[PDB]
Amino acid sequence: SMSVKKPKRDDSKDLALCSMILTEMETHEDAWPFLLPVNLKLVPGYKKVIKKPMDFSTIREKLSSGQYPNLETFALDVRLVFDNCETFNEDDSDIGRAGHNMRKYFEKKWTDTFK
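Okay, structure coming up:
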């Protein structure tokens, strides 16, 4: 509350650490479905169904241009990529499996880096 704060955590490396996580996600062999925005002209249904499209290149652009106010907002976008994936793709499909793989891969890097 006013003049009553938990000890100040060092957040000075967060931008650099998120960047590294995101690079590792970009270079994973199963990243291919998430590297670029889904083409809303070429994929029927996607624009109407998926209210907040997200992908790694968009995350990268936001990260590099100071559009994430904090760690949590970066993690929410990353998770959105996989939530979107699950909404649109069957679990038993190459893309559905990629999504589950990448979320697991992500959450581990996340826990190891920040928890």
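Per PDB author numbering, numbering through the sequence shown is continuous, rising by one, with the last residue being 1970. Beta carbons are placed, not taken as given, at the ideal position from N, Cα and C, and that holds for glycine.
query                                                                             : result
For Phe1937, the nearest candidate out of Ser1919, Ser1920 and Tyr1960 (CA to CA) : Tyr1960
Rounded straight-line distance, which links the Cα of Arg1934 to that of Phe1969  : 16 Å
Contact check, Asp1869 vs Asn1925, beta carbons under 9 Å                         : yes
Inter-residue CB distance, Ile1905 and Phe1943 (contact presumed, cutoff 8 Å)     : 6 Å
Collapsed DSSP secondary structure at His1955 in the structure displayed          : helix
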